[PDB]
Amino acid sequence: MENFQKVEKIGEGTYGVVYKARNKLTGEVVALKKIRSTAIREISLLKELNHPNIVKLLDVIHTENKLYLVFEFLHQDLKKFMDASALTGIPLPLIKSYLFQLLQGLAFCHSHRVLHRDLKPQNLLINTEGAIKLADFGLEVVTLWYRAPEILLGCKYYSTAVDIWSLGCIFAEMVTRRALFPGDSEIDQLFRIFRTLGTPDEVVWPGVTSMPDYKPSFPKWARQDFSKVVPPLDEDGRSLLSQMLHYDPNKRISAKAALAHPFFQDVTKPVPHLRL
Ligand SMILES: COCCNS(=O)(=O)c1ccc(Nc2nccc(-c3cnc(C)n3C(C)C)n2)cc1
C-alpha cells in the first residue's frame with residue numbers, strides 16, 4: 001500500500017471500502033478496494049478473467065492479514081448515470097449498446113464457469129467512450145432487487161442463469177427509469193416477482209414446488225403482459241426481456257444466445273453525455 005495515495009473514497013459496503021487512488025510512482029489512477037486461503041486462489045483466478053467489459057483487476061495485494069484489490073479506474077456507475085438521466089431517460093440506442101456489451105461480458109465469464117451472482121446498477125461502470133463494464137465479481141444493506149428467483153427459493157447450486165435474470169431487471173429499469181422488482185425483504189422480493197410474472201408452478205417451472213423455500217401457501221397471482229411492464233420497449237426488446245426473465249433457469253436465455261436475438265439487429269455504440 002506504500003505505493004498508493006488515496007485520492008478520495010469512491011464507494012463502500014459489502015466486500016469493503018473503495019477509494020480512488022494514485023500510484024505514488026507511476027501516477028497511474030486506480031480504484032483501491034480494501035476487503036474485510038481459498039479466497040486468495042479464487043481472487044487470483046480472477047486476474048486472468050480479462051475482457052473489455054470486465055473491470056480489469058490490476059493487482060492483488062495481501063499484507064498483514066489484509067486484502068487489497070487494485071482495479072482499473074472508471075469514472076461513474078450506472079446508478080448515478082440513471083439518476084442523472086431520470087428526466088429524459090437513457091436513449092434506446094445507448095440502452096441497447098450497454099445491454100449488448102454486458103451480455104458479451106457475461107457470455108465470457110460464463111464460458112469460463114464464472115458467475116457474478118450480484119449484478120446491479122451500482123456495480124456496472126461506464127466511461128466517456130461508451131463502454132460499460134462489470135465490476136465487483138468475486139465469489140445488512142444489500143439490494144435484493146436483482147436477485148434471481150431460484151436463489152430466493154433456496155437453490156443451493158444455482159447457475160450462470162442468475163446473472164441473466166439480474167441483467168434483465170437492469171434492462172427493464174433503464175427503459176422505464178424505475179426498478180422492476182424493488183423488494184425490501186426476501187419474501188417481498190419474491191412476491192413482487194410473483195405479482196408481475198405470476199406465481200410460478202410446475203407448468204412454467206418443473207420442480208419449482210420441490211425447492212427448499214417454496215411454500216404451497218404462496219398466494220397465487222396471475223401473470224401480466226410485458227406491454228404493461230416496460231411499455232416504451234418495442235416488440236424485439238420485450239421479447240428478449242421475457243426470455244431473460246424466464247422462471248425456469250434451464251429455459252432462461254443464455255448470454256450467448258441473447259447476443260443473437262433480433263433486438264440487436266441494429267445495435268450500435270453511442271457515446272453518453274457524462275458530466276465528470
Ligand atoms: C455511494 O457512492 C457511490 C458513488 N458511485 S460513482 O461516484 O458513480 C463511482 C463508482 C465507481 C467508481 N470507480 C471504480 N472503478 C473501478 C472499480 C470500482 C469498484 C471496485 N469495487 C467496487 C465495489 N467498485 C465500485 C462499484 C464502487 N470502482 C467511480 C465513481
# chains A, B, ... in the order shown; residues from 1 in each chain; ligands from 1
>>> closest_atom_pairs(of="range 89-163 of chain A", to="range 169-188 of chain A", cutoff="7 Å", atoms="only C-alpha atoms", output="CSV")
residue,atom,partner,partner_atom,distance
A:89,CA,A:177,CA,6.3
A:90,CA,A:174,CA,6.7
A:95,CA,A:174,CA,6.7
A:99,CA,A:171,CA,6.8
A:120,CA,A:170,CA,6.8
A:121,CA,A:170,CA,6.8
A:144,CA,A:183,CA,6.3
A:145,CA,A:182,CA,4.9
A:146,CA,A:169,CA,6.1
A:152,CA,A:186,CA,6.7
>>> residues_around(residues="residue 51 in chain A", least_positions_apart="5", cutoff="10 Å", atoms="only C-alpha atoms", output="ChimeraX atom specification")
/A:56,104-106,108-109,133-134
>>> write_last_selection(atoms="N, CA, C and O atoms", output="PDB file, in the first residue's frame")
ATOM      1  N   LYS A  56     -10.981  -4.419 -15.269  1.00  0.00           N
ATOM      2  CA  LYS A  56      -9.713  -5.117 -15.112  1.00  0.00           C
ATOM      3  C   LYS A  56      -9.143  -5.089 -13.700  1.00  0.00           C
ATOM      4  O   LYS A  56      -9.033  -4.035 -13.074  1.00  0.00           O
ATOM      5  N   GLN A 104     -22.078  -9.577 -23.662  1.00  0.00           N
ATOM      6  CA  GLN A 104     -20.793 -10.035 -24.169  1.00  0.00           C
ATOM      7  C   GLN A 104     -19.920 -10.361 -22.962  1.00  0.00           C
ATOM      8  O   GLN A 104     -19.264 -11.403 -22.924  1.00  0.00           O
ATOM      9  N   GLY A 105     -19.917  -9.460 -21.979  1.00  0.00           N
ATOM     10  CA  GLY A 105     -19.130  -9.674 -20.777  1.00  0.00           C
ATOM     11  C   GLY A 105     -19.578 -10.925 -20.033  1.00  0.00           C
ATOM     12  O   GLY A 105     -18.756 -11.707 -19.537  1.00  0.00           O
ATOM     13  N   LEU A 106     -20.885 -11.134 -19.958  1.00  0.00           N
ATOM     14  CA  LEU A 106     -21.385 -12.309 -19.257  1.00  0.00           C
ATOM     15  C   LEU A 106     -21.089 -13.591 -20.015  1.00  0.00           C
ATOM     16  O   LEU A 106     -20.720 -14.592 -19.414  1.00  0.00           O
ATOM     17  N   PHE A 108     -18.681 -14.261 -21.671  1.00  0.00           N
ATOM     18  CA  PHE A 108     -17.274 -14.556 -21.433  1.00  0.00           C
ATOM     19  C   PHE A 108     -17.001 -15.185 -20.067  1.00  0.00           C
ATOM     20  O   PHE A 108     -16.289 -16.183 -19.979  1.00  0.00           O
ATOM     21  N   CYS A 109     -17.554 -14.609 -19.002  1.00  0.00           N
ATOM     22  CA  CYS A 109     -17.324 -15.162 -17.672  1.00  0.00           C
ATOM     23  C   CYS A 109     -18.015 -16.506 -17.566  1.00  0.00           C
ATOM     24  O   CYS A 109     -17.486 -17.436 -16.954  1.00  0.00           O
ATOM     25  N   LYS A 133     -18.818  -1.698 -18.005  1.00  0.00           N
ATOM     26  CA  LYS A 133     -18.129  -2.893 -17.535  1.00  0.00           C
ATOM     27  C   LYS A 133     -18.654  -3.437 -16.213  1.00  0.00           C
ATOM     28  O   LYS A 133     -19.161  -2.693 -15.367  1.00  0.00           O
ATOM     29  N   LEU A 134     -18.510  -4.749 -16.064  1.00  0.00           N
ATOM     30  CA  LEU A 134     -18.919  -5.473 -14.873  1.00  0.00           C
ATOM     31  C   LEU A 134     -17.845  -5.310 -13.813  1.00  0.00           C
ATOM     32  O   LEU A 134     -16.659  -5.513 -14.073  1.00  0.00           O
TER      33      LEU A 134
END
>>> select_by_dssp(residues="range 43-240 of chain A", states="alpha helix (DSSP H)", output="JSON, numbers by chain")
{"A": [43, 44, 78, 79, 80, 81, 82, 83, 92, 93, 94, 95, 96, 97, 98, 99, 100, 101, 102, 103, 104, 105, 106, 107, 108, 109, 110, 111, 149, 150, 151, 152, 161, 162, 163, 164, 165, 166, 167, 168, 169, 170, 171, 172, 173, 174, 175, 176, 186, 187, 188, 189, 190, 191, 192, 193, 194, 195, 196, 197, 226, 227, 228, 229, 235, 236, 237, 238, 239, 240]}
>>> write_last_selection(atoms="C-alpha atoms", output="compact mmCIF listing (two decimals), in the first residue's frame")
# COMPACT_ATOMS: atom_id res chain seq x y z
CA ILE A 43 -9.33 -13.99 -6.44
CA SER A 44 -6.14 -14.85 -8.32
CA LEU A 78 -24.82 3.10 -13.93
CA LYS A 79 -26.86 4.01 -10.84
CA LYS A 80 -25.52 7.58 -10.86
CA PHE A 81 -25.90 7.79 -14.65
CA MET A 82 -29.54 6.67 -14.49
CA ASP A 83 -30.29 9.14 -11.71
CA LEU A 92 -32.70 3.46 -26.55
CA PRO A 93 -29.56 3.15 -28.73
CA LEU A 94 -27.46 3.60 -25.58
CA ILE A 95 -29.59 1.20 -23.52
CA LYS A 96 -29.24 -1.43 -26.27
CA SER A 97 -25.50 -0.84 -26.52
CA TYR A 98 -24.99 -1.25 -22.77
CA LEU A 99 -27.09 -4.43 -22.66
CA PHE A 100 -25.23 -5.85 -25.67
CA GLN A 101 -21.84 -5.17 -24.07
CA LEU A 102 -22.82 -6.65 -20.70
CA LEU A 103 -24.15 -9.79 -22.38
CA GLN A 104 -20.79 -10.03 -24.17
CA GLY A 105 -19.13 -9.67 -20.78
CA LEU A 106 -21.39 -12.31 -19.26
CA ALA A 107 -21.01 -14.73 -22.16
CA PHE A 108 -17.27 -14.56 -21.43
CA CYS A 109 -17.32 -15.16 -17.67
CA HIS A 110 -19.96 -17.84 -18.12
CA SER A 111 -17.85 -19.65 -20.71
CA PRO A 149 -35.98 -16.44 -8.11
CA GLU A 150 -34.04 -19.73 -7.77
CA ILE A 151 -31.65 -18.07 -5.30
CA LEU A 152 -34.63 -16.67 -3.34
CA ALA A 161 -28.67 -18.01 -15.50
CA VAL A 162 -28.92 -15.90 -12.35
CA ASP A 163 -26.75 -13.23 -13.98
CA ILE A 164 -29.11 -13.17 -16.95
CA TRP A 165 -32.05 -12.54 -14.60
CA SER A 166 -30.27 -9.65 -12.89
CA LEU A 167 -29.34 -8.14 -16.24
CA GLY A 168 -32.95 -8.43 -17.38
CA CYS A 169 -34.05 -6.47 -14.32
CA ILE A 170 -31.44 -3.79 -15.03
CA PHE A 171 -32.58 -3.66 -18.69
CA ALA A 172 -36.17 -3.02 -17.64
CA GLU A 173 -35.01 -0.38 -15.16
CA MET A 174 -33.05 1.58 -17.80
CA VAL A 175 -36.10 1.51 -20.11
CA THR A 176 -38.69 2.59 -17.53
CA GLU A 186 -36.72 -11.75 0.72
CA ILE A 187 -40.41 -12.58 0.77
CA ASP A 188 -41.38 -9.13 -0.55
CA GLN A 189 -38.85 -9.56 -3.37
CA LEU A 190 -40.33 -12.93 -4.24
CA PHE A 191 -43.87 -11.59 -4.05
CA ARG A 192 -43.09 -8.61 -6.28
CA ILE A 193 -41.77 -11.07 -8.86
CA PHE A 194 -44.90 -13.21 -8.45
CA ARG A 195 -47.35 -10.33 -8.87
CA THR A 196 -45.73 -9.31 -12.16
CA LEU A 197 -44.71 -12.65 -13.73
CA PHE A 226 -44.87 -7.21 -20.74
CA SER A 227 -46.66 -4.50 -22.69
CA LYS A 228 -47.60 -3.25 -19.23
CA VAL A 229 -44.21 -3.94 -17.61
CA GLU A 235 -41.55 -5.89 -29.50
CA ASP A 236 -37.99 -7.12 -30.05
CA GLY A 237 -36.93 -5.78 -26.66
CA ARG A 238 -39.98 -7.09 -24.82
CA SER A 239 -39.41 -10.46 -26.48
CA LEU A 240 -35.81 -10.55 -25.30
>>> atom_distance(atom1="CA of residue 72 in chain A", atom2="CA of residue 28 in chain A")
9.5 Å
>>> residues_near_ligand(ligand="ligand 1", cutoff="7 Å", atoms="only C-alpha atoms and all ligand atoms", output="JSON, numbers by chain")
{"A": [10, 11, 12, 18, 20, 31, 33, 55, 71, 72, 73, 74, 75, 76, 77, 78, 79, 80, 122, 123, 124, 125, 135, 136]}
>>> write_last_selection(atoms="C-alpha atoms", output="PDB file, in the first residue's frame")
ATOM      1  CA  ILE A  10     -15.337   6.172  -4.033  1.00  0.00           C
ATOM      2  CA  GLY A  11     -17.840   3.677  -2.691  1.00  0.00           C
ATOM      3  CA  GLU A  12     -18.395   1.498   0.347  1.00  0.00           C
ATOM      4  CA  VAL A  18     -13.316   1.519  -2.315  1.00  0.00           C
ATOM      5  CA  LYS A  20      -9.824   6.396  -5.845  1.00  0.00           C
ATOM      6  CA  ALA A  31      -9.656   2.025  -7.796  1.00  0.00           C
ATOM      7  CA  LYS A  33     -10.596  -1.840  -2.660  1.00  0.00           C
ATOM      8  CA  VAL A  55     -13.347  -4.040 -14.924  1.00  0.00           C
ATOM      9  CA  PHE A  71      -8.622  -2.169 -10.251  1.00  0.00           C
ATOM     10  CA  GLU A  72      -8.717  -0.212 -13.481  1.00  0.00           C
ATOM     11  CA  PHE A  73     -10.490   3.085 -12.637  1.00  0.00           C
ATOM     12  CA  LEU A  74     -13.810   4.105 -14.214  1.00  0.00           C
ATOM     13  CA  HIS A  75     -15.466   7.455 -13.537  1.00  0.00           C
ATOM     14  CA  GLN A  76     -19.072   6.554 -12.844  1.00  0.00           C
ATOM     15  CA  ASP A  77     -21.522   3.746 -12.156  1.00  0.00           C
ATOM     16  CA  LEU A  78     -24.820   3.100 -13.934  1.00  0.00           C
ATOM     17  CA  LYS A  79     -26.856   4.012 -10.843  1.00  0.00           C
ATOM     18  CA  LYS A  80     -25.522   7.582 -10.859  1.00  0.00           C
ATOM     19  CA  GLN A 122     -24.140   0.221  -8.669  1.00  0.00           C
ATOM     20  CA  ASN A 123     -21.527  -2.227  -9.952  1.00  0.00           C
ATOM     21  CA  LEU A 124     -21.814  -1.539 -13.665  1.00  0.00           C
ATOM     22  CA  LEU A 125     -19.257   1.143 -14.525  1.00  0.00           C
ATOM     23  CA  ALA A 135     -17.325  -4.769 -11.517  1.00  0.00           C
ATOM     24  CA  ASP A 136     -17.295  -6.419  -8.103  1.00  0.00           C
TER      25      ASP A 136
END
>>> select_by_dssp(residues="range 113-223 of chain A", states="strand (DSSP E or B)", output="count of residues only")
6
>>> residues_around(residues="residue 199 in chain A", least_positions_apart="2", cutoff="8 Å", atoms="only C-alpha atoms", output="list in words")
residues 194, 195, 197, 201, 218, 219, 220, 221, 222 and 223 of chain A
>>> closest_residue(among="A:233, A:1, A:49, A:258", to="residue 22 in chain A", atoms="only C-alpha atoms")
A:1
>>> closest_residue(among="A:255, A:212, A:87, A:27", to="residue 115 in chain A", atoms="only C-alpha atoms")
A:255
>>> atom_distance(atom1="CA of residue 267 in chain A", atom2="CA of residue 159 in chain A")
27.5 Å
>>> residues_around(residues="residue 153 in chain A", least_positions_apart="6", cutoff="7 Å", atoms="only C-alpha atoms", output="PyMOL selection string")
chain A and resi 211-214
>>> residues_around(residues="residue 70 in chain A", least_positions_apart="5", cutoff="7 Å", atoms="only C-alpha atoms", output="PyMOL selection string")
chain A and resi 30-33+57-60
>>> write_last_selection(atoms="C-alpha atoms", output="PDB file, in the first residue's frame")
ATOM      1  CA  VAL A  30      -6.777   3.260  -9.926  1.00  0.00           C
ATOM      2  CA  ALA A  31      -9.656   2.025  -7.796  1.00  0.00           C
ATOM      3  CA  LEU A  32      -8.374   0.610  -4.496  1.00  0.00           C
ATOM      4  CA  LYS A  33     -10.596  -1.840  -2.660  1.00  0.00           C
ATOM      5  CA  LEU A  57      -8.190  -6.419 -11.891  1.00  0.00           C
ATOM      6  CA  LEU A  58      -4.649  -5.000 -11.977  1.00  0.00           C
ATOM      7  CA  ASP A  59      -3.188  -6.427  -8.772  1.00  0.00           C
ATOM      8  CA  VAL A  60      -3.997  -8.368  -5.614  1.00  0.00           C
TER       9      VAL A  60
END
>>> closest_residue(among="A:231, A:130, A:216, A:16", to="residue 202 in chain A", atoms="only C-alpha atoms")
A:216
>>> atom_distance(atom1="CA of residue 259 in chain A", atom2="CA of residue 241 in chain A")
12.4 Å
>>> decode(residues="range 193-212 of chain A", atoms="N, CA, C and O atoms", output="short mmCIF file (atom, residue, chain, number, x, y, z; two decimals), in the first residue's frame")
data_model
loop_
_atom_site.label_atom_id
_atom_site.label_comp_id
_atom_site.auth_asym_id
_atom_site.auth_seq_id
_atom_site.Cartn_x
_atom_site.Cartn_y
_atom_site.Cartn_z
N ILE A 193 -42.01 -10.30 -7.64
CA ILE A 193 -41.77 -11.07 -8.86
C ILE A 193 -43.06 -11.82 -9.22
O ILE A 193 -43.51 -11.81 -10.36
N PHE A 194 -43.68 -12.44 -8.22
CA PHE A 194 -44.90 -13.21 -8.45
C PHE A 194 -46.07 -12.39 -9.00
O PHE A 194 -46.76 -12.82 -9.92
N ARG A 195 -46.28 -11.21 -8.43
CA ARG A 195 -47.35 -10.33 -8.87
C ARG A 195 -47.22 -9.88 -10.32
O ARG A 195 -48.21 -9.65 -11.00
N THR A 196 -45.98 -9.75 -10.80
CA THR A 196 -45.73 -9.31 -12.16
C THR A 196 -45.62 -10.46 -13.17
O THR A 196 -46.19 -10.38 -14.25
N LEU A 197 -44.90 -11.52 -12.82
CA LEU A 197 -44.71 -12.65 -13.73
C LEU A 197 -45.64 -13.83 -13.43
O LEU A 197 -45.64 -14.82 -14.16
N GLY A 198 -46.43 -13.72 -12.36
CA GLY A 198 -47.33 -14.80 -11.99
C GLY A 198 -46.66 -15.78 -11.05
O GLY A 198 -45.47 -16.09 -11.20
N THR A 199 -47.42 -16.27 -10.06
CA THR A 199 -46.88 -17.24 -9.11
C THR A 199 -46.47 -18.46 -9.91
O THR A 199 -47.29 -19.08 -10.58
N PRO A 200 -45.17 -18.81 -9.88
CA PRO A 200 -44.68 -19.97 -10.62
C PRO A 200 -45.24 -21.29 -10.12
O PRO A 200 -45.52 -21.44 -8.93
N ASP A 201 -45.42 -22.23 -11.04
CA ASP A 201 -45.93 -23.55 -10.69
C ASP A 201 -45.22 -24.58 -11.54
O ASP A 201 -44.32 -24.24 -12.32
N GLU A 202 -45.60 -25.85 -11.39
CA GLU A 202 -44.98 -26.93 -12.14
C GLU A 202 -45.12 -26.80 -13.65
O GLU A 202 -44.34 -27.39 -14.41
N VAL A 203 -46.11 -26.04 -14.09
CA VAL A 203 -46.33 -25.83 -15.52
C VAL A 203 -45.20 -25.03 -16.16
O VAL A 203 -44.56 -25.47 -17.11
N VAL A 204 -44.96 -23.84 -15.62
CA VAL A 204 -43.92 -22.96 -16.15
C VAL A 204 -42.53 -23.25 -15.59
O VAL A 204 -41.52 -22.91 -16.20
N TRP A 205 -42.48 -23.91 -14.44
CA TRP A 205 -41.20 -24.22 -13.81
C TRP A 205 -41.17 -25.61 -13.20
O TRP A 205 -41.45 -25.78 -12.02
N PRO A 206 -40.79 -26.63 -13.99
CA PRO A 206 -40.74 -28.00 -13.46
C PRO A 206 -39.81 -28.13 -12.26
O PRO A 206 -38.64 -27.76 -12.32
N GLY A 207 -40.34 -28.65 -11.15
CA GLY A 207 -39.53 -28.84 -9.96
C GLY A 207 -39.60 -27.70 -8.96
O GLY A 207 -39.16 -27.84 -7.82
N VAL A 208 -40.15 -26.57 -9.39
CA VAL A 208 -40.25 -25.41 -8.52
C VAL A 208 -40.86 -25.72 -7.15
O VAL A 208 -40.38 -25.20 -6.14
N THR A 209 -41.89 -26.56 -7.10
CA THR A 209 -42.55 -26.89 -5.84
C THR A 209 -41.68 -27.73 -4.92
O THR A 209 -41.98 -27.86 -3.74
N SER A 210 -40.61 -28.31 -5.44
CA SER A 210 -39.75 -29.13 -4.61
C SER A 210 -38.57 -28.32 -4.07
O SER A 210 -37.69 -28.86 -3.38
N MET A 211 -38.56 -27.03 -4.35
CA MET A 211 -37.48 -26.16 -3.90
C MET A 211 -37.53 -25.91 -2.40
O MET A 211 -38.61 -25.75 -1.84
N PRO A 212 -36.36 -25.84 -1.75
CA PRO A 212 -36.17 -25.61 -0.31
C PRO A 212 -37.13 -24.65 0.37
O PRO A 212 -37.77 -25.01 1.37
#
